[PDB]
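1. make a model of this:
(2 chains)
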Amino acid sequence: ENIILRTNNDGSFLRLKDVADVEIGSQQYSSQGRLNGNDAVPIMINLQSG
Amino acid sequence: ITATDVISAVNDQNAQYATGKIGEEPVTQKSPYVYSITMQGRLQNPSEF
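-> Numbering: from 1, shown residues only, chains lettered A, B, ... in the order given. Next up is the structure itself:
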């Protein structure tokens, strides 16, 4: 958030926090899981061959 | 024109691909539809070179 884009005339800066929002992880809103009609994260366990 | 000019032009006028989607974030508005946008900056015939 404090990466600086432009250094200003005054001596201040233009940091990334005020052209953009910085979000840790979160995400995959491209999918969603359910369990009996309730929000839930489905973890899939899988067996190694052999 | 020098050879390096031709090198430099063939290099970054025959580029690659960009892809995206419209309707990725679930926020903006209730479009029933989701499409996928693509830019192709790659040549595919001698006439484009």
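2. please identify the helix or strand for residue B:4.
-> Taking DSSP states H and E as the criterion, residue B:4 maps to helix B:3-13.
3. next, find the distance separating the closest residue to residue A:35 other than its chain neighbours from residue A:15.
-> Of all residues not flanking residue A:35 in the chain, residue A:42 sits nearest, at 7.4 Å (C-beta to C-beta, 6 or more residues apart in numbering or on different chains). (Each C-beta comes from the backbone N, C-alpha and C, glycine too.) Look at residue A:42 and residue A:15: by C-beta to C-beta, to the nearest Å, they are 39 Å apart.
4. these two: which is more packed in?
-> residue A:15 (14 against 9; other C-beta atoms under 10 Å in any protein chain shown).
5. isn't the more buried one right next to residue A:7, touching?
-> No - the criterion here is C-beta atoms under 8 Å, and residue A:15 misses it with residue A:7 at 10.3 Å.
6. which residue does chain B have closest to chain A?
-> Per C-beta to the nearest C-beta, the residue of chain B with the smallest distance to chain A is residue B:26, at 5.5 Å.
7. quick check: residues of chain B near chain A?
-> Proximity of chain B to chain A (C-beta under 8 Å from any C-beta of the partner chain) is limited to residues B:24, B:25, B:26.
8. from these, which ones fall inside helices?
-> Per DSSP state H, helices hold no members of the residues of chain B next to chain A.
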